[PDB]
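Written below as structure tokens is the structure these notes are about.
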Amino acid sequence: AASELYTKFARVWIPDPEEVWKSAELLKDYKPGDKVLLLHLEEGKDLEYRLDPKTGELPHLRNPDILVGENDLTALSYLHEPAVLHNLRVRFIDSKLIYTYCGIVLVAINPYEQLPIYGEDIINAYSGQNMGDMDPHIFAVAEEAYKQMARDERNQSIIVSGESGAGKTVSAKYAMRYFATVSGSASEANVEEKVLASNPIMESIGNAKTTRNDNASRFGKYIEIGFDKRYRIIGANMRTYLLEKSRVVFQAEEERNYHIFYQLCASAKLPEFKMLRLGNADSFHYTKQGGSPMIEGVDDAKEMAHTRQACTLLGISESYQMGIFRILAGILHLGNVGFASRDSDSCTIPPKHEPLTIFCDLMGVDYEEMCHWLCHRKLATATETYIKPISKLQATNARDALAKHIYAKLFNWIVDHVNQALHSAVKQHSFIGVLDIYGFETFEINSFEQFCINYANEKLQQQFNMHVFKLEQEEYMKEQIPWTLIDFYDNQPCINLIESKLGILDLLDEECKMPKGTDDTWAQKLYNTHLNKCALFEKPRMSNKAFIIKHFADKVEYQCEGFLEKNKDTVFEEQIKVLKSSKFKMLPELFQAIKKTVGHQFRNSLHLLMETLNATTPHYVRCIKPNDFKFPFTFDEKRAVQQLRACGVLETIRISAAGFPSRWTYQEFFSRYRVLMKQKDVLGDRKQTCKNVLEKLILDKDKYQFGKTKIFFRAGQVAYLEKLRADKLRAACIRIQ
Ligand SMILES: Nc1ncnc2c1ncn2[C@@H]1O[C@H](COP(=O)(O)OP(=O)(O)O)[C@@H](O)[C@H]1O
Ligand SMILES: [Mg+2]
């Protein structure tokens, strides 16, 4: 039947290597059996488009001009890939609209420009309205979640997704503002202020500049915002995920360490900071490696003022704040300690070194002991102790490991205190969860950190697909309702390759058991186990030190060096002991106790989170990066199309197009709509009673369908039944009155 639409003047989409899809118009009517189409391109040139001799499949028809730039993609006549790309291009380039709906899921595009599209009057304008009675915006999602939590008394979750830089961090912040405003009616409104204040604090400690993002979010965050019976904020709790430790000691060619170090170095001249004995960021190796200590459009000194102000608002006094700056200053002074070689396998550090002097002074430690333990290691046996001198390379490695460890304890200490400030005495009626996770990334060189983040992103896709596609269509099959299968790309195989008993993480952990274990040996074990036995896993022709894996977004090559070390993540017992013995109270609090590998800990942490998400009603936001140049309102078609297919956008709209998301059991429907039924319509069979009543209430049979155990409805029909229920109760009250 679709071939009847291929008439003279009809428009179609044809594949193009650079533009992905090109629009063309038919110069003649198509007849079944024709091998070439005479097309007029929009550039003024005529083309003979040859059809496939085996399949005879025609190019995609283009939707009418009235359907260009629609608020909801389900309004399109032809629901195919070229149509999606065109509709989003027009709304972005022409209309400057960043938002579009794909049913319940929201699509967000990064503008690379500040626009005033979120005044409190806008917040008020989105408040109190229906879905679609406002145009697409993040506030609509927030309001829908607010509306659902209040009516359903069910916890909700806001899940944002996308590759690095797509606007995801930005989206979560604005959603929180909406809830804080509505809740703002409270007496102890300071709690909402504290909740919003949490974000900039974590950004200072948690973010750093990458080539992808000037403010990359190098840890994960999940926030539960609790509500009372009044549907007003009671408090909150943050659960966070693995921070990039390698960032403290290393930075690439145009990257920085965490923002807070630069804020502290910018404030070195102030009298309060004088005790720290700091200089500019160029003086310390841990800050200098990147080659550029400043971010354009950012004033580190100004940010330092804001960060301090944020700390005081949470109730963190100046003594606490000066205490954290001391730790950070100490990490910088440790980074420039001079270490000299003795013979081939020994090292020595002088008790005279200027940087180690202030390090020992700030930490409240003995210089002579630190010189000894940076140069030697202890081996303890039941009967005796043995000492091994360390090489120059080992001394610097030992020093750096301690720096990562200190920074890690410090980050955790801060989040614990914000959670203490965010705590609530009252009982939780319900909650809204917000997820903010580092997005898919790739570089010239990729390591263990990229492996972990990509693996986490794979899990998010699995949760999304399980809920949206898998769980949902399986129900229709069991329900015995006419259903056409909707295809999706299932990533379960790569997930098994990573997580299963035979998986990559398990093999790395087994290599960690062996003292003889090596990255080379592990890579060889991966090749032996999977080189030609697996389709998701492959090795490049030129290398034996790296491997490539097929993720949902793209294939990624990972270098094997450092994987066992990074999986172990440990520090010498003597160094931790000298810090446990420190004179400064904060250091002993971290070093006091306030076997599984980082990879094992990471898997379970993600499992607990997946389980947590499954308990709530999800609300998904898909963020897209339009261009790599960071330019205002520029659209890259090749780059966009790959993100759309990776996100499964088209199939999400096709499943949405099938409709019937709402589903009442015959018992629930009967119990809720008994008032719309006359006593004569109530048969011994509840199922037949519901059929007879629904057939009387709704005349169009295309708006509802009957399954084995549930009744299915099209959009707006339950609201119509609620209007009828409300009208019947009102009429009954008037009759009684
Ligand atoms: N509302 C916005 N207005 C302007 N630029 C934005 C907006 N949202 C995101 N961006 C741009 O996208 C970049 C990355 O988005 P952000 O949410 O900050 O981090 P990410 O998207 O990586 O989570 C920002 O640095 C900024 O350049
Ligand atoms: Mg981010």
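Order determines the names: the first chain of the structure tokens is A, the second B, and so forth; residues in each chain are numbered 1 upward, and ligands are numbered 1 upward as they are shown.
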
As a PDB file with C-alpha atoms, in the first residue's frame, list the residues of range 441-565 of chain A assigned to strand (DSSP E or B) by DSSP on the backbone atoms of this structure.
ATOM      1  CA  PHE A 537      35.895  -8.178  21.651  1.00  0.00           C
ATOM      2  CA  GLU A 538      38.724  -7.722  19.092  1.00  0.00           C
ATOM      3  CA  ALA A 546      45.646  -2.910  23.787  1.00  0.00           C
ATOM      4  CA  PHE A 547      42.165  -4.279  22.942  1.00  0.00           C
ATOM      5  CA  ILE A 548      38.879  -2.929  21.483  1.00  0.00           C
ATOM      6  CA  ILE A 549      35.288  -3.429  22.739  1.00  0.00           C
ATOM      7  CA  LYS A 550      31.889  -2.790  21.095  1.00  0.00           C
ATOM      8  CA  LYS A 555      33.801   0.740  19.743  1.00  0.00           C
ATOM      9  CA  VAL A 556      36.608   1.818  22.172  1.00  0.00           C
ATOM     10  CA  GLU A 557      40.281   0.822  22.363  1.00  0.00           C
ATOM     11  CA  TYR A 558      41.845   0.498  25.834  1.00  0.00           C
ATOM     12  CA  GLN A 559      45.590   0.303  26.709  1.00  0.00           C
TER      13      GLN A 559
END

Using only C-alpha atoms and all ligand atoms, find each residue with an atom at most 10 Å away from ligand 2 and format the answer as JSON, numbers by chain.
{"A": [162, 163, 164, 165, 166, 167, 168, 169, 170, 171, 172, 203, 207, 212, 213, 214, 215, 216, 217, 218, 219, 220, 436, 437, 438, 439]}

(request) Write out as a count of residues only each polymer residue whose atoms come within 8 Å of residue 140 in chain A, counting only C-alpha atoms; drop sequence neighbours fewer than 6 positions from it. (result) 3

Worksheet item: If we count only C-alpha atoms, what is near range 608-623 of chain A at a cut-off of 6 Å, once residues fewer than 6 positions away on the same chain are taken out, given as a list in words?
Response: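 The filter keeps residues 105, 106, 107, 108, 109, 155, 156, 157, 158, 159, 160, 161, 162 and 166 of chain A.
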
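Shortest atom-to-atom contact with ligand 1 among A:647, A:208, A:594, A:349: A:208, counting only C-alpha atoms and all ligand atoms.
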
Write out as a count of residues only which residues come within 12 Å of residue 43 in chain A when counting only C-alpha atoms, dropping same-chain ones fewer than 2 positions away. 10

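All residues of protein, DNA or RNA that reach within 8 Å of residue 523 in chain A, judged by only C-alpha atoms and not counting those fewer than 3 positions away in the chain, are residues 519, 520, 526, 527, 544, 545, 546 and 560 of chain A.
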
Contacts of range 569-578 of chain A at 7 Å or less, counting only C-alpha atoms, minus same-chain residues fewer than 3 places along, as a compact mmCIF listing (two decimals) with N, CA, C and O atoms, in the first residue's frame?
# COMPACT_ATOMS: atom_id res chain seq x y z
N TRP A 373 60.74 6.61 55.66
CA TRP A 373 59.72 5.80 54.99
C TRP A 373 59.52 6.13 53.52
O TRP A 373 59.14 5.23 52.78
N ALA A 401 50.98 7.87 45.42
CA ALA A 401 49.89 7.03 45.89
C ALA A 401 49.27 7.63 47.16
O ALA A 401 48.04 7.74 47.29
N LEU A 402 50.12 8.11 48.06
CA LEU A 402 49.67 8.76 49.28
C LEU A 402 48.85 10.00 48.94
O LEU A 402 47.78 10.20 49.50
N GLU A 565 47.56 -2.51 38.86
CA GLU A 565 47.92 -1.50 39.86
C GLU A 565 46.69 -0.69 40.26
O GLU A 565 46.35 -0.60 41.43
N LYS A 566 45.99 -0.17 39.25
CA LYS A 566 44.79 0.63 39.44
C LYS A 566 43.68 -0.20 40.06
O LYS A 566 42.91 0.32 40.85
N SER A 581 49.47 8.99 63.14
CA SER A 581 50.13 9.63 64.29
C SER A 581 50.25 11.16 64.22
O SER A 581 50.91 11.77 65.07
N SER A 582 49.64 11.83 63.24
CA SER A 582 49.72 13.29 63.08
C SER A 582 49.22 14.13 64.26
O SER A 582 48.37 13.70 65.05
N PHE A 591 42.75 9.18 58.76
CA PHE A 591 43.64 8.04 58.85
C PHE A 591 43.16 6.99 59.85
O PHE A 591 43.47 5.81 59.69

| CA of residue 268 in chain A and CA of residue 243 in chain A are how many Å apart? |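 Computing it gives 26.5 Å between the two atoms.
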
Per DSSP on the backbone, filter range 262-435 of chain A down to the residues in helix (DSSP H, G or I) and report them as an MDAnalysis selection string.
chainID A and resid 262:266 271:276 281:283 285:288 300:314 318:335 354:363 367:375 392:422

For residue 419 in chain A, the closest of A:237, A:283, A:454, A:307 counting only C-alpha atoms is A:237
